[PDB]
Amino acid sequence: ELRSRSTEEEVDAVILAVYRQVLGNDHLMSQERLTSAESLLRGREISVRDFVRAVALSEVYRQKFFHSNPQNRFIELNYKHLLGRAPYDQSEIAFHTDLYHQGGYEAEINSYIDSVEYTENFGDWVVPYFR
């Protein structure tokens, strides 16, 4: 699914699809919906990537995958949700454990989202999907 201009139903589908990919489902509580960022995306004020980022940096993502998971599970889940793939091997897990230890939560999350690999596969306007 890609952005563009025709949207409306399309925008709606993009929004739900981002939730499904990044959080694992699109049936969240209303307190969990990032309605402000949804509005920006709909109004074309931010991109699909921006919206993916807002979801991954939200308290919803933090509580779902980060806080109550061992670090290596958090990392594996980052790979699956943000890049649409499992880590290639344990070296990727070691590398991001070091990244996290050194830069913190947001540095870790943004590493995937701003990555060349993300740009290459999804860019600014395609909803991430499992590859």
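Numbers for residues come from their place in the sequence shown, where the first is 1.
- Looking at mean Cα B-factors across 55-63 and 35-43, the upper value is held by 35-43.
- Averaged over Cα atoms, the B-factor as recorded in the entry is higher for 6-14 than for the other of 6-14 and 114-122.
- For the set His81, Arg49, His96, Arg73, the PDB entry assigns the largest Cα B-factor to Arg73.
- For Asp89, the recorded CA temperature factor ranks within the highest third of the chain's modelled residues.
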